S.K.: 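Got a structure here, written out as structure tokens. Questions coming.
Both ligands and their constituent atoms are indexed starting at 1 by order of listing. Throughout, residue positions are numbered sequentially from 1 according to the sequence presented. Values below: every heavy atom of this structure, side chains too, minus hydrogens, waters and symmetry copies.
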Amino acid sequence: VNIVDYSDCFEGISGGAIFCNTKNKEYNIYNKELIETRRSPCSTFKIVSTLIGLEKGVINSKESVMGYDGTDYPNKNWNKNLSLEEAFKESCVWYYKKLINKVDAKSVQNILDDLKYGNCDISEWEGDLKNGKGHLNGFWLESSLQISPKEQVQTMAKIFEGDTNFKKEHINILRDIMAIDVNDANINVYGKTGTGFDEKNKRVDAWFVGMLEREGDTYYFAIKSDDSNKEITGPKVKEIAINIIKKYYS
Ligand SMILES: *C(=O)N1C[C@H](NOS(=O)(=O)O)CC[C@H]1C(N)=O
């Protein structure tokens, strides 16, 4: 465990980072207190909910559809019968809500328990209804389920090193749809953003979680901001994460 200083890449934004290479158990940690603090995963839960849906047969491939019903949404790309790949990349809430609501709560509880997914608390299945957004809510969106950045990395490692019971075919579907382009062909980066606002503490939950492959070595990582500035989003923390990867992990 090496404590490191990534502050320059954070460019004044409050946050922390953890990178882990499980081949040589080297843990690089910036802001240890924050890296161990549990918070809502927000849209980073799509990594796990995709695997749940695949395991239960609700979806089957990166083409799979969830039967769009014509409801009007402000994001143009949500207004279609989009595939799993598109729903993941567009963070389509209705698709992932419909997917998870086809799965019984005990199945979800047991999968989160097996993954050690933070507090594994799905008690508020409906999510944070007091925000007024109704069915555009759930236990993983600023609600009962909470996970620390370190636990995110531990979960990512368990999944992608083949240490869970999820099918290898399903893990490869997730790998494919998580791949991002960082304009450097010598590293393969995979990840997912998440954005929430913690109404209790007046702080954002801005995430980028994923993995980095660079010539035989693999690093599992989680970058997290808790800034009070509502402008700080998942996509913004992904930029920060990419800056760290290019500076320290290339
Ligand atoms: C996920 O955190 N969410 C879904 C959607 N995409 O967020 S992301 O760009 O950080 O991946 C909008 C924000 C949030 C939500 N409100 O559900």
S.K.: Side-chain contact test, heavy atoms from C-beta onward, threshold under 4.5 Å: evaluate it for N243 versus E11 and give yes or no.
M.R.: yes
S.K.: Heavy atom to atom 8 (S) of ligand 1, shortest distance: which of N137, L136, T44, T193 holds it?
M.R.: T193
S.K.: Could you check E213 against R175 for salt bridge (charged side-chain N to carboxylate O under 4.0 Å, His left out), going step by step and ending with a plain yes or no?
M.R.: CA-CA 12 Å; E213 316 196 302; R175 291 185 73 100; 2.7 Å; yes
S.K.: Which of the numbered atoms in ligand 1 are below 4.0 angstrom from a heavy atom of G194?
M.R.: 2 (O), 10 (O)
S.K.: Donor-acceptor check, side chain of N79 to backbone of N75, threshold 3.5 angstrom: yes or no?
M.R.: yes
S.K.: Report the C-alpha distance between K236 and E231 in whole Å, list the side-chain angles of each, state the deciding distance to 0.1 Å, and finish with yes or no for salt bridge (charged side-chain N to carboxylate O under 4.0 Å, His left out).
M.R.: CA-CA 9 Å; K236 191 23 172 173; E231 298 211 345; over 6 Å; no
S.K.: Below 4.0 angstrom from a heavy atom of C42, which ligand 1 atoms are there? Numbered from 1 as shown, please.
M.R.: 2 (O)
S.K.: Just checking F45 against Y117, ring centres under 6.0 Å apart?
M.R.: yes
S.K.: Just need the protein heavy atom nearest to atom 14 (C) of ligand 1, so name the residue and atom and give the distance.
M.R.: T195 O, 3.3 Å
S.K.: Tell me, which protein residue and heavy-atom name are nearest atom 17 (O) of ligand 1, and how many Å apart are they?
M.R.: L141 CD2, 3.6 Å
S.K.: Determine, using ring centers only, whether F10 and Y30 are less than 6.0 Å apart.
M.R.: yes
S.K.: Is the shortest distance from atom 12 (C) of ligand 1 to a protein heavy atom below 4.0 Å?
M.R.: no
S.K.: Please state which protein non-hydrogen atom is closest to atom 4 (C) of ligand 1 and give its distance, to 0.1 Å?
M.R.: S43 OG, 2.6 Å
S.K.: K192 heavy atoms, cut-off 4.0 Å: which ligand 1 atoms fall inside?
M.R.: 11 (O)
S.K.: What protein heavy atom sits nearest atom 16 (N) of ligand 1, and how far off is it?
M.R.: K133 NZ, 4.0 Å
S.K.: Linking I/L/V/M/F/W/Y whenever their side-chain heavy atoms sit closer than 4.5 Å, directly or via other members, would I111 and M156 fall into one cluster?
M.R.: yes
